[PDB]
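Report on the following structure.
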Amino acid sequence: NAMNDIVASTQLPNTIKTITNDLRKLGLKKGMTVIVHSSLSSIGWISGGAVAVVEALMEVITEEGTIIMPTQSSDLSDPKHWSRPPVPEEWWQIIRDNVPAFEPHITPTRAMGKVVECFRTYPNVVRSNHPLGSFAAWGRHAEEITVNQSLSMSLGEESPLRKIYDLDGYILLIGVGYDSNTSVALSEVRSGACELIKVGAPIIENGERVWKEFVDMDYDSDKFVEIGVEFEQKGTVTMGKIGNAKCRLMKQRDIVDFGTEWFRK
Amino acid sequence: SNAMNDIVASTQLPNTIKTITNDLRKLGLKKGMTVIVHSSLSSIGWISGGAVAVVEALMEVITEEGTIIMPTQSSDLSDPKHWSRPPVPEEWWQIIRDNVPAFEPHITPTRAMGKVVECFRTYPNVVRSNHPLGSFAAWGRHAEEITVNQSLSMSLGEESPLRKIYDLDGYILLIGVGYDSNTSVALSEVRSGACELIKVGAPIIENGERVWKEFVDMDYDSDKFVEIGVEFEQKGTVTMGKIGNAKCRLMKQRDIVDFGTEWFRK
Ligand SMILES: CC(=O)SCCNC(=O)CCNC(=O)[C@H](O)C(C)(C)COP(=O)(O)OP(=O)(O)OC[C@H]1O[C@@H](n2cnc3c(N)ncnc32)[C@H](O)[C@@H]1OP(=O)(O)O
Ligand SMILES: CC(=O)SCCNC(=O)CCNC(=O)[C@H](O)C(C)(C)COP(=O)(O)OP(=O)(O)OC[C@H]1O[C@@H](n2cnc3c(N)ncnc32)[C@H](O)[C@@H]1OP(=O)(O)O
Ligand SMILES: [Mg+2]
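Order-wise, the sequence lines are chains A and B. For the first sequence, the entry's author numbering assigns the number -1 to the initial residue and increments by one for each residue that follows. For the second sequence, the entry's author numbering assigns the number -2 to the initial residue and increments by one for each residue that follows.
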């Protein structure tokens, strides 16, 4: 059983205070702009679960900083492309006609984790407009980062990823690897190394639910591992533990710029 | 199975807000009703929109002139001395009482309530009662009346949302779950004096700060609910129907609560 093993692998309980302290040790600082990706279970047993992680991040960064997390809702997309899992083709139009429109305060994430689910409904946390590829933010640049994401190229030059690059932010990975590192999508975009697809999603326009068509890049996270590996040789990724979780902290601009180059080749 | 491919394979055609709404109506849900809902999402079959769809479907049928209630329990705020699923080492217990974050209604997640409750409790105009372990959330006409002034001690007793639903002659809707999820029966247990009092603890915000607070509650036993529910069905009034693959029950809270009270008295 999952929980039983999480407990048996923990020597002392992780708390808001021990996470805060592990975060500072790693090098998270007041006033930093940081995009966070995490696995709650990798930390080991935490008193207060996802709430403890979110409250600890906030205590360290404070309102002078900014915390961003991906809040993707890929269950709203066109089912023609579904693979985990696929549905019968005869359902496809029914889904396009009936799936509820994206509402930022309401639509759940998928595959982002409990930390993200706690974050996005936490008070004062703001979420971008995109029906499949939204981000949530909290703190000083929250509103600047999440406003006006374009429908097409959700992870591109007019997305929260670009605004983080411009603010010279950090990426914090907590018990996950480079394949969760969203920001490298920007490298794929700038090098033009991924394929394009025609997607759709339901939005609320003029007060009415419209199924909308647009273009996005077919982001493949699997080549991100390779990039991460080579990036780590060449310089600066601070590594440390938060509880049992292996974490990394790096500058987004450095990794994005390395990834762009890596793709030209 | 909760594997998504098993959930898709168990379904002929997608469940949608529309199909669920129609299924709810056939079962007897009506406009203006007061209803407390307990659910399992996976039991319905594959739903376009998931929990969002189920919530919107409930709200469509009940409307703002009715009232929807769901339990929003947060049992991992409890004293770890009693935990069994799983227990934690005894050396962790005072660390936990000193560090576990205080209950705050707009923030504290539920546990074992289900995705539908986690979706519901985040909607706008949903009000949550003030109890660090046994809170309830409500939406619609009587939402405020039902959630206000929950007492700390005897959380599911006479000063609880369960009694307010009782006084309103409300309904209970089970979607793909059995009687051990039927919280209303705890009110029967209170009224019969058929369980022990225990000393319980939780973290609350009192006087602007986190306090590990102790209080008295009953040690509610949901294993007796299943046995009550088997009997109630041989003898009381319950409507049964299906929402997708889910077997559902709709019943009057006053009926099962009174039946349960008598049952406890033998
Ligand atoms: C490139 C892209 O854009 S991809 C999008 C980016 N994705 C992300 O940033 C997400 C990154 N995270 C990951 O990828 C992670 O591996 C995940 C989220 C996919 C899965 O990680 P998990 O540890 O299994 O899940 P999660 O973080 O949600 O935590 C849930 C688990 O925590 C465990 N848990 C529950 N309570 C506690 C507690 N108090 N303490 C510790 N663990 C707990 C439980 O096992 C729970 O399991 P459940 O799913 O059965 O309820
Ligand atoms: C007496 C008392 O007070 S007890 C407190 C009251 N308790 C309650 O009211 C709880 C009632 N519900 C239960 O008892 C249920 O059995 C639960 C919630 C414990 C478990 O039921 P589940 O169906 O497994 O969970 P839930 O309702 O959260 O739905 C999540 C599952 O839906 C499935 N799912 C995901 N998307 C969809 C979709 N679009 N369509 C259908 N199913 C989906 C997945 O299997 C997901 O499981 P996963 O998180 O393991 O991957
Ligand atoms: Mg809210």
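By construction, the Cβ of each residue, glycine as well, lies at the ideal position given by its N, Cα and C atoms.
Under 8 Å by Cβ, that's how I've got residue i and residue j pegged, so tell me the actual separation to the nearest angstrom.
i        : j        : result
B/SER181 : B/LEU159 : 6 Å
A/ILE202 : B/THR119 : No, A/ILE202 and B/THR119 are not in contact; Cβ-Cβ is about 17 Å, not under 8 Å.
B/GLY42  : B/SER7   : 5 Å
A/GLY198 : A/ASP76  : 4 Å
A/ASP214 : A/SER152 : 6 Å
A/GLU211 : A/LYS196 : 6 Å
A/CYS192 : A/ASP220 : No, A/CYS192 and A/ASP220 are not in contact; Cβ-Cβ is about 11 Å, not under 8 Å.
A/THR234 : A/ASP252 : 7 Å
B/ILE172 : B/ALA243 : 5 Å
A/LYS78  : A/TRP90  : 6 Å
In chain A, what lies closer than 7 Å to residue i by C-beta?
i       : result
B/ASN2  : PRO83
B/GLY46 : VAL97 and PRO98
B/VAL5  : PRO83 and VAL85
Please identify the residue among the options whose C-alpha is closest to the C-alpha of residue i.
i                      : options                                   : result
A/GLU61                : A/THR107, A/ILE253 and A/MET30            : A/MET30
B/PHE261               : B/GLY111, B/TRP209 and B/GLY190           : B/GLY190
B/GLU53                : A/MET215, A/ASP20 and A/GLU101            : A/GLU101
A/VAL208               : A/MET248, A/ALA99 and A/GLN147            : A/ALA99
A/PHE222               : A/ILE93, A/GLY198, A/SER178 and A/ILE41   : A/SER178
A/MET237               : A/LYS23, A/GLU87, A/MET110 and A/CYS192   : A/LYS23
A/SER157               : A/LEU170, A/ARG125, A/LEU171 and A/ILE172 : A/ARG125
A/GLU259               : A/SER219, A/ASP218, A/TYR217 and A/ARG188 : A/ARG188
A/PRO11                : B/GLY233, B/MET215, B/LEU153 and B/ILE93  : B/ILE93
residue 321 of chain B : A/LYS27, A/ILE4, A/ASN96 and A/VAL254     : Residue numbering for chain B in the displayed model covers -2 to 263; residue 321 of chain B lies beyond these limits and cannot be assessed.
A/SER81                : B/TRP80, B/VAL5, B/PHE229 and B/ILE143    : B/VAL5
B/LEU194               : B/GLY154, B/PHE229 and B/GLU230           : B/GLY154
A/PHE229               : A/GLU206, A/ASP3 and A/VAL254             : A/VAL254
A/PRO200               : A/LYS263, A/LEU130, A/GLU141 and A/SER148 : A/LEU130
Please say whether residue j and residue i have beta carbons closer to each other than 9 Å?
i        : j        : result
A/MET56  : A/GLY167 : no
A/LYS161 : A/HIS128 : no
A/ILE14  : A/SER39  : no
A/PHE256 : A/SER150 : no
B/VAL174 : B/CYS116 : no
B/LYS112 : A/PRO106 : yes
B/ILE225 : B/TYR176 : yes
A/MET1   : B/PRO86  : no
A/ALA134 : A/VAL123 : yes
B/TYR163 : B/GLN250 : yes
A/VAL49  : A/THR18  : no
A/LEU247 : A/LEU26  : yes
Interface residues of chain B around residue i at Cβ under 8 Å?
i        : result
A/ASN146 : Here the premise fails: no neighbours, minimum Cβ distance about 23 Å.
A/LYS239 : What A/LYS239 touches in chain B: nothing, since even the nearest Cβ is about 19 Å away.
A/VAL49  : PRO98, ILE104, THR105 and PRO106
Residues of chain A with CB under 9 Å from residue i, in chain order?
i                      : result
residue 345 of chain B : Any question about residue 345 of chain B goes unanswered here, given that chain B covers just -2 to 263.
B/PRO121               : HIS103 and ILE104
B/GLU53                : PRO98
B/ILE59                : Chain A residues near B/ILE59: none, gap ~17 Å exceeds 9 Å.
B/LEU130               : Under the 9 Å cutoff, chain A gives no residues; its nearest Cβ is about 14 Å from B/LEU130.
B/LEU38                : Simply none; closest approach about 11 Å.
Would you mind telling me which residues of chain B sit closer than 9 Å to residue i, beta carbon to beta carbon, in chain order?
i        : result
A/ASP164 : Near A/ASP164 there are no residues of chain B at all, since even the closest Cβ is about 31 Å away, more than 9 Å.
Who are the neighbours of residue i on chain B, taking C-beta pairs under 7 Å?
i        : result
A/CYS116 : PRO106
A/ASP73  : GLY47
What residues of chain A sit near residue i, judged by a beta carbon separation below 8 Å?
i       : result
B/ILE14 : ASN96 and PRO98
B/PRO11 : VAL85, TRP89, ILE92, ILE93 and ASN96
Do three or more CB pairs link the segment 62 to 69 of chain A to the segment 32 to 42 of chain A at distances below 8 Å? yes
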